[PDB]
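S.K.: Starting off with a structure, shown below.
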Amino acid sequence: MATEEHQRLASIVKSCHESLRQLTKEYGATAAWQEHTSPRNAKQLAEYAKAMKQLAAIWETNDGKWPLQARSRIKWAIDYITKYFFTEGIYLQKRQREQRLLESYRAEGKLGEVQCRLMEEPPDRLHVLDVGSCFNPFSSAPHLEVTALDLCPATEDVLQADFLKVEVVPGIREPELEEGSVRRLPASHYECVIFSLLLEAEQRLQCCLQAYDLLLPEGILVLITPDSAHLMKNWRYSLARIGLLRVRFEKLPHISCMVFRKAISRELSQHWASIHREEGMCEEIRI
């Protein structure tokens, strides 16, 4: 029961605390810190100066509490990402488990010849796209290079954007902002995409398509949804159909947490959908 849930929860957070202490030692500071302590614009030095006033104020007022206290579910998300790319090389584990299946499919002759795409060695700071972000929390981690965007951002550092409305155009390496809200995004760029803003048919699916396009080969898409059962399989089919496979499902005490991975070949995951289509599964993403 929930005894297993909590027993796993507490262990994940200990793993995360330990791992992040280590990572901080290596990186010296967070991505935002580096990007901000060297201001190129007058606006940038303003941000610096206001942040200094913020720091003086945080040091004198209270103690032992950095204001933004990240929530436990988010801590799971960091932990998983760190393990998938760095500490546990799970992407490689999955690359083996996936290549084996492709072999098996071409052996049946069920899948023909396939051109694939695999990812190079993981970079020192991982491109993370936190969609529908509240307080760009993944910015707190040292190894993360976060691009956060909310429909209605409340921080200076989250980008005005409607996710479903952005052209994912390959050949650029930076988000393009026309009129203070994002118009164009670099296609196949991010190691990880986080559906912070949970999805709740056609819209509910297209968001995942865009995510797929934004992900690099073997990238991850992370979904947090509360307890508020068989539907998950009925559209794990649908996700597999688009091109990604459920590579993790954890049951937090009250929340449920999923990670899908952009497979080595899209044809692979689509054929896998064919095999595992339980009769009475919609091609779309439903509540």
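Identifiers for the structure tokens are assigned positionally: chains receive A, B, ... in sequence, residues are indexed from 1 per chain, and ligands are indexed from 1 in the order shown.
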Residue 254 in chain A: which residues within 12 Å, counting only C-alpha atoms, same-chain residues fewer than 4 positions away excluded, as JSON, numbers by chain?

M.R.: {"A": [1, 2, 5, 6, 9, 72, 73, 224, 225, 226, 227, 228, 250]}

S.K.: When DSSP works through the backbone of this structure, what residues of range 17-260 of chain A end up as strand (DSSP E or B), shown as a PyMOL selection string?

M.R.: chain A and resi 126-131+144-150+159-160+167-169+176-178+181-186+190-195+215-226+244-250+255-260

S.K.: Find the residues near residue 230 in chain A: any atom within 12 Å, counting only C-alpha atoms, skip ones fewer than 4 places away on the same chain, and give them as a list in words.

M.R.: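 The filter keeps residues 234, 235, 236, 237, 278, 280, 281, 286 and 287 of chain A.
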
S.K.: Please write the residues from the selection above to a file, keeping C-alpha atoms, as a PDB file, in the first residue's frame.

M.R.:
ATOM      1  CA  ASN A 234      -4.975   2.980 -23.519  1.00  0.00           C
ATOM      2  CA  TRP A 235      -2.820   5.997 -24.390  1.00  0.00           C
ATOM      3  CA  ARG A 236       0.589   4.588 -23.649  1.00  0.00           C
ATOM      4  CA  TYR A 237      -0.448   3.013 -26.935  1.00  0.00           C
ATOM      5  CA  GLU A 278      -5.552  -3.438 -27.053  1.00  0.00           C
ATOM      6  CA  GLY A 280     -10.755  -0.546 -27.979  1.00  0.00           C
ATOM      7  CA  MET A 281      -7.954   2.018 -27.774  1.00  0.00           C
ATOM      8  CA  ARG A 286      -8.472  11.107 -23.362  1.00  0.00           C
ATOM      9  CA  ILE A 287      -9.508  11.585 -19.698  1.00  0.00           C
TER      10      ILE A 287
END

S.K.: Identify which of the residues A:218, A:32, A:212, A:192 lies closest to residue 89 in chain A, counting only C-alpha atoms when measuring atom-to-atom distances.

M.R.: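 Checking each candidate against residue 89 in chain A, we get A:218 as the closest.
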
S.K.: Could you pull the residues within 9 Å of range 16-23 of chain A, counting only C-alpha atoms, minus those fewer than 2 positions along the same chain, as an mmCIF file with N, CA, C and O atoms, in the first residue's frame?

M.R.:
data_model
loop_
_atom_site.group_PDB
_atom_site.id
_atom_site.type_symbol
_atom_site.label_atom_id
_atom_site.label_comp_id
_atom_site.auth_asym_id
_atom_site.auth_seq_id
_atom_site.Cartn_x
_atom_site.Cartn_y
_atom_site.Cartn_z
ATOM 1 N N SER A 11 13.271 7.736 -0.005
ATOM 2 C CA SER A 11 14.527 7.263 -0.576
ATOM 3 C C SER A 11 14.916 8.072 -1.807
ATOM 4 O O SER A 11 16.091 8.407 -1.968
ATOM 5 N N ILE A 12 13.942 8.392 -2.661
ATOM 6 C CA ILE A 12 14.221 9.210 -3.846
ATOM 7 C C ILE A 12 14.768 10.572 -3.426
ATOM 8 O O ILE A 12 15.766 11.028 -3.993
ATOM 9 N N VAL A 13 14.144 11.194 -2.421
ATOM 10 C CA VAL A 13 14.573 12.527 -1.969
ATOM 11 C C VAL A 13 15.965 12.519 -1.319
ATOM 12 O O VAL A 13 16.699 13.508 -1.429
ATOM 13 N N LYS A 14 16.323 11.420 -0.654
ATOM 14 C CA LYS A 14 17.672 11.271 -0.110
ATOM 15 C C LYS A 14 18.678 11.126 -1.252
ATOM 16 O O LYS A 14 19.771 11.704 -1.193
ATOM 17 N N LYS A 25 29.035 20.847 -6.098
ATOM 18 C CA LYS A 25 30.495 20.851 -5.939
ATOM 19 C C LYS A 25 31.201 20.916 -7.302
ATOM 20 O O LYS A 25 32.138 21.705 -7.477
ATOM 21 N N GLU A 26 30.727 20.113 -8.259
ATOM 22 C CA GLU A 26 31.318 20.043 -9.599
ATOM 23 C C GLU A 26 31.114 21.317 -10.421
ATOM 24 O O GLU A 26 32.056 21.803 -11.050
ATOM 25 N N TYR A 27 29.890 21.842 -10.406
ATOM 26 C CA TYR A 27 29.501 22.972 -11.258
ATOM 27 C C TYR A 27 29.751 24.346 -10.637
ATOM 28 O O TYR A 27 29.791 25.356 -11.350
ATOM 29 N N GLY A 28 29.896 24.379 -9.314
ATOM 30 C CA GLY A 28 30.216 25.605 -8.585
ATOM 31 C C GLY A 28 29.035 26.519 -8.335
ATOM 32 O O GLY A 28 29.003 27.200 -7.308
ATOM 33 N N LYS A 75 11.504 17.100 -7.083
ATOM 34 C CA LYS A 75 12.739 16.453 -6.650
ATOM 35 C C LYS A 75 12.884 15.082 -7.304
ATOM 36 O O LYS A 75 13.987 14.717 -7.718
ATOM 37 N N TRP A 76 11.776 14.347 -7.425
ATOM 38 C CA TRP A 76 11.781 13.091 -8.171
ATOM 39 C C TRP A 76 12.218 13.297 -9.623
ATOM 40 O O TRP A 76 12.994 12.493 -10.161
ATOM 41 N N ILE A 78 14.053 15.678 -11.015
ATOM 42 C CA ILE A 78 15.493 15.933 -11.068
ATOM 43 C C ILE A 78 16.265 14.629 -10.913
ATOM 44 O O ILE A 78 17.140 14.325 -11.736
ATOM 45 N N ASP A 79 15.923 13.868 -9.871
ATOM 46 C CA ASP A 79 16.581 12.604 -9.576
ATOM 47 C C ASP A 79 16.582 11.702 -10.800
ATOM 48 O O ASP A 79 17.651 11.240 -11.220
ATOM 49 N N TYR A 80 15.393 11.489 -11.376
ATOM 50 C CA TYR A 80 15.275 10.659 -12.561
ATOM 51 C C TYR A 80 16.156 11.140 -13.713
ATOM 52 O O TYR A 80 16.898 10.333 -14.290
ATOM 53 N N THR A 82 18.837 13.006 -13.707
ATOM 54 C CA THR A 82 20.226 12.798 -13.338
ATOM 55 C C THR A 82 20.641 11.342 -13.539
ATOM 56 O O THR A 82 21.732 11.070 -14.036
ATOM 57 N N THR A 87 24.212 9.455 -13.764
ATOM 58 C CA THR A 87 24.603 8.549 -12.677
ATOM 59 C C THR A 87 24.316 7.079 -12.988
ATOM 60 O O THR A 87 25.070 6.199 -12.564
ATOM 61 N N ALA A 141 18.607 23.378 -9.939
ATOM 62 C CA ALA A 141 19.622 22.350 -10.075
ATOM 63 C C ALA A 141 20.828 22.856 -10.886
ATOM 64 O O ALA A 141 20.653 23.638 -11.827
ATOM 65 N N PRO A 142 22.055 22.434 -10.500
ATOM 66 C CA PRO A 142 23.277 22.933 -11.144
ATOM 67 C C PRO A 142 23.487 22.476 -12.587
ATOM 68 O O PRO A 142 23.883 23.283 -13.434
ATOM 69 N N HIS A 143 23.214 21.207 -12.868
ATOM 70 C CA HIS A 143 23.493 20.638 -14.187
ATOM 71 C C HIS A 143 22.435 20.947 -15.243
ATOM 72 O O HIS A 143 22.564 20.515 -16.391
#
